[PDB]
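Input: a single structure, listed below in structure tokens.
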Amino acid sequence: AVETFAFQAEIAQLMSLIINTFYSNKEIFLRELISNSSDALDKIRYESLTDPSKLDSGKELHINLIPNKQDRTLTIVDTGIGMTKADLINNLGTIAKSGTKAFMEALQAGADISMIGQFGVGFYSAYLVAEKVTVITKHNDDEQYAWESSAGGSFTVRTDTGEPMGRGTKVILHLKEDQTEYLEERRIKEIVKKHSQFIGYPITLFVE
Ligand SMILES: CN(Cc1ccco1)C(=O)c1cc(-c2n[nH]c(=O)n2-c2ccccc2F)c(O)cc1O
């Protein structure tokens, strides 16, 4: 049921740098995840213009932010296009290669970690605040999958046996013990207002 994969070497190196570099401006992770969700929503909306049946798995196009102080998790849910098994295992990592290599050269040349998004590898900034990331996804052309990594050079993929989601992606950030400020309603609002006022889909913050 569970398959284990090695990350592409350059991605493993980037994740180690993100985990081991002293860097205080950690809030940039939320902008990057919301941006990816917005891109996934644009993709399904676009495909639905030539094939309306693409929305049979759900018409609502939105992003939900769900902090959970008890489990110490921050969940980002979207009803975008989702990802196939091939996306999770190889295809997204393949397209990220040049950006990953360029970003690491930029960091060696004195660039700031906040520039990560300009290199298309913004997702990995989640490892500034998360000890583990679980991703539950469902694409119209494939089954529901659960991807997971605590970094350390590998990730896993399994078919998800949990509640079916219809379509989209759920990113569950298992936060580090000293990063619980990202579970506070006022902190999430401050970040979203500062880094995300040009997203064309409703972002709803779930109150505990
Ligand atoms: C969950 N991850 C990290 C990861 C671990 C394994 C594979 O990806 C993400 O980056 C991520 C991906 C999507 C997504 N669904 N469909 C699709 O095309 N994308 C996508 C959109 C913009 C850039 C890249 C993308 F893939 C999303 O909606 C939210 C996300 O936070």
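Ligands are numbered from 1 in the order shown, chains are lettered A, B, ... in the order of the structure tokens, and residues start at 1 in each chain.
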
* DSSP strand (DSSP E or B) residues within chain A, as a PyMOL selection string -> chain A and resi 3-6+63-68+73-78+130-138+145-149+154-159+168-175+203-205

* Selection: 12 Å around residue A:185, only C-alpha atoms, excl. self and same-chain fewer than 2 positions, as a list in words -> residues 65, 66, 67, 68, 69, 74, 180, 181, 182, 183, 187, 188, 189, 190, 191, 192, 204, 205, 206, 207 and 208 of chain A

Would you save the residues from that selection as a compact mmCIF listing (two decimals), in the first residue's frame, using N, CA and C atoms?
# COMPACT_ATOMS: atom_id res chain seq x y z
N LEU A 65 -8.54 27.80 5.19
CA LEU A 65 -7.42 27.75 6.13
C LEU A 65 -8.01 27.24 7.45
N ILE A 66 -7.48 26.13 7.96
CA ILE A 66 -7.99 25.44 9.13
C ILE A 66 -6.89 25.20 10.19
N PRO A 67 -6.70 26.14 11.14
CA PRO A 67 -5.76 25.88 12.24
C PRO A 67 -6.40 24.90 13.24
N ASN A 68 -5.57 24.08 13.87
CA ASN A 68 -6.02 23.12 14.89
C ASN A 68 -5.00 23.10 16.01
N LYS A 69 -5.24 23.89 17.07
CA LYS A 69 -4.34 23.99 18.22
C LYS A 69 -4.13 22.65 18.93
N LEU A 74 -1.87 23.09 10.79
CA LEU A 74 -2.46 24.14 9.96
C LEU A 74 -2.72 23.48 8.61
N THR A 180 3.87 27.64 16.78
CA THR A 180 2.43 27.66 17.02
C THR A 180 1.78 29.01 16.79
N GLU A 181 2.55 30.12 16.59
CA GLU A 181 1.94 31.42 16.27
C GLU A 181 1.07 31.33 14.99
N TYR A 182 1.40 30.40 14.07
CA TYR A 182 0.66 30.23 12.80
C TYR A 182 -0.69 29.52 12.96
N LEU A 183 -1.05 29.16 14.22
CA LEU A 183 -2.37 28.64 14.57
C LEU A 183 -3.28 29.73 15.16
N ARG A 187 -2.76 36.18 13.76
CA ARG A 187 -1.52 36.00 13.02
C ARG A 187 -1.82 35.57 11.58
N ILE A 188 -2.76 34.63 11.39
CA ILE A 188 -3.10 34.18 10.03
C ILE A 188 -3.66 35.34 9.22
N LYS A 189 -4.57 36.12 9.84
CA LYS A 189 -5.17 37.28 9.16
C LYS A 189 -4.13 38.32 8.74
N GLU A 190 -3.19 38.62 9.64
CA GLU A 190 -2.12 39.57 9.36
C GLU A 190 -1.32 39.12 8.12
N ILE A 191 -0.96 37.83 8.06
CA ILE A 191 -0.18 37.29 6.94
C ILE A 191 -0.94 37.36 5.61
N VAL A 192 -2.18 36.89 5.62
CA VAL A 192 -3.00 36.83 4.41
C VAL A 192 -3.25 38.23 3.86
N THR A 204 -11.23 31.46 3.13
CA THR A 204 -11.98 31.45 4.39
C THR A 204 -11.13 30.88 5.51
N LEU A 205 -11.00 31.65 6.57
CA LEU A 205 -10.32 31.22 7.79
C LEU A 205 -11.35 30.57 8.72
N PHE A 206 -11.17 29.31 9.05
CA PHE A 206 -12.07 28.58 9.96
C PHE A 206 -11.70 28.90 11.41
N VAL A 207 -12.64 29.47 12.18
CA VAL A 207 -12.40 29.79 13.59
C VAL A 207 -12.54 28.51 14.44
N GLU A 208 -11.65 28.27 15.40
CA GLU A 208 -11.80 27.09 16.26
C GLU A 208 -12.90 27.25 17.32

* Kindly work out which residues sit at most 9 Å from ligand 1, using only C-alpha atoms and all ligand atoms, and give the list as JSON, numbers by chain. => {"A": [32, 33, 34, 35, 36, 37, 38, 39, 40, 41, 43, 44, 76, 77, 78, 79, 80, 81, 82, 83, 84, 87, 88, 89, 90, 91, 92, 93, 120, 121, 122, 123, 124, 133, 134, 135, 136, 137, 138, 139, 147, 148, 149, 155, 168, 169, 170, 171]}

* Skipping near chain neighbours, those fewer than 6 positions away, what residues fall within 8 Å of stretch 45-60 of chain A using only C-alpha atoms, listed as number ranges by chain? -> A: 79, 140, 166-167

* Running DSSP on the backbone, which parts of stretch 43-87 of chain A land in helix (DSSP H, G or I), as a PyMOL selection string? -> chain A and resi 43-50+52-55+85-87
